[PDB]
Each structure stands twice: as C-alpha cells, then as structure tokens.
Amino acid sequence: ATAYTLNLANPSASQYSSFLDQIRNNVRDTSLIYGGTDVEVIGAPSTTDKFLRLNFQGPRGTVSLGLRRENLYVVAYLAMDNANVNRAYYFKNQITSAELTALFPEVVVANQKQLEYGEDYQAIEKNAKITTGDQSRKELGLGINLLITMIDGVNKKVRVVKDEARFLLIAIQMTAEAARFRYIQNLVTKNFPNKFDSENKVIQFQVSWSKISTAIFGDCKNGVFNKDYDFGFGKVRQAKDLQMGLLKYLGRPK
C-alpha cells in the first residue's frame, strides 16, 4: 500500500498540512464536484487499492496507522513491543490477515492481533479510562505534542489497553478527522505544536460528517444550501462556512 510519513522528530506546521493534503489527494476523485463547491470528495471504493499506510516517525521509533481509502476509517496500527518485536493490531470487521500482511509486511502472521473492542469512538473511549468531565475523547485535548506523548505510550513498550486506546483516539482525530475537517487542521496549526483544549464544535463536526456530506451533495447549489442547516454549532447557509476538507462518497452528482 501507499505510505505517507509525518516526521515528528522535526515537526513543522507546513509539514503537517502537506501531510494532510497528501491523504486528501490520494483518496479523492477530482472529477467529483458536490454542491458546486471546490471541496475534495472521496472517490468510489476500489477493489485493488483498499488501504493507505500512515507513518508517525519519531526519534526513538516509528508507529504506523492503517486507513481504509473508501472512507478514511482506521483499521489497524503497528508498534514494536518491549522486545522490539513489530506487532500489528486490527479491528476484526475491518481487515484480513492477507491484507494486513500486505499493509504491514514487517509483521509476521503470528504477531497479528485482533483488538477486543470496536472501532467506534464509544468503544475506544470506554477502554481509554478517561476519569474527568464527560469522559469522552474531548477530555484529552488535541495537538502535535499530545500526539507525540501518546505515541510514547505504545512505541517499544508492553501493550497496555488504556494507553493504546488513548493513542488511537488522538491518532484518528489528528489524521482522519483533520483530513475531513479543515477547522480541526487549522486549530492544530494555529496552536502548533502545543497541546490545547478540544471544543464541542470539534466533536459536532465529527459526528456530522455524513450529514454535512449529504447536505452539500443533494441540497446545495453553487455553495449555497437550499435551506438553513445546523449541525450543533449554529445556523449555516453557505458551505464555505463549514471549512470542509474532504466529503464522503455518495455517488456522482445528479
């Protein structure tokens, strides 16, 4: 599979942004124009190139993420354990052993482990054991320095579910979600490279990806919605106000 690398040993805002653009440009179908907007749209599912590999390169090791090109869903991750042995962890309904072998060649079949929980935020959040506030991912914050800290929890260490879950929550939001929502990307670069507080608006965007995509796809003309929409953070009339980075594939426009 194709692989893009984020250098966390020497991070820069420009590098992070280009990294997100590489993801967007890889999965998009440039012939697709939704609601007369210039926002990138994910192309139809491929039977050949199903996965994308993302490498988080740090000073003491590299941790990798596997994403489904069809929808940017995280399907697995790779990290060396305390014995420097490469191990791959995957979500059952998301990928097979043969595909995992092709995605992460450095991991032998015996070292492929199926995760006990679901790939949805709810399942992951419960295993992250967040003890404050609403106990959701919002409570962890966001940021480059936070991502680095989370990677330290899985890189070259014995697997601890709590640490693995927290890493996944941050890794998914800093890649897949940031690719989908420019608002999230802009928050990261505006605060680069510091850890900062997340917002309700961040969560609201995330849970409304499909709704936003459907709205632009079938109820938007030349960037203007046919009616007022509210995804949780106020009324929106123009698609531009949503600062979208990537829209969900819903077919070709009619």
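Start at 1 and count along the sequence shown; that's the residue number.
Asks: On average, which has the higher Cα B-factor in the deposited entry, 131 to 139 or 179 to 187?
Replies: Going by the record's values, the stretch with the higher mean is 131 to 139.
Asks: Between 84 to 92 and 68 to 76, point out the one with the higher average CA B-factor as the PDB entry records it.
Replies: The entry gives the higher C-alpha B-factor average to 84 to 92.
Asks: Whose C-alpha has the highest temperature factor in the PDB entry: 112, 145, 173, 155?
Replies: Out of 112, 145, 173, 155, the record gives the largest C-alpha B-factor to 112.
Asks: Consider only the C-alpha atoms of the modelled residues in this chain, order them by B-factor as the entry records it, and name the third containing residue 40: lowest, middle or highest.
Replies: Lowest third - that is where residue 40 ends up once the chain's C-alpha B-factors are sorted.
Asks: Among the modelled residues of its chain, does the C-alpha B-factor of residue 226 lie in the lowest, middle or highest third?
Replies: Residue 226: CA B-factor falls in the highest third of its chain.
Asks: Classify residue 47 as lowest, middle or highest third according to the C-alpha B-factor given in the PDB entry, relative to its own chain.
Replies: CA B-factor rank for residue 47: highest third.
Asks: Where does the C-alpha B-factor of residue 3 rank in its chain, lowest, middle or highest third?
Replies: Middle third of the chain for residue 3's C-alpha B-factor.
Asks: Check where residue 164 lands among this chain's C-alpha B-factors and tell me if it's the lowest, middle or highest third.
Replies: For residue 164, the deposited C-alpha B-factor lands in the lowest third.
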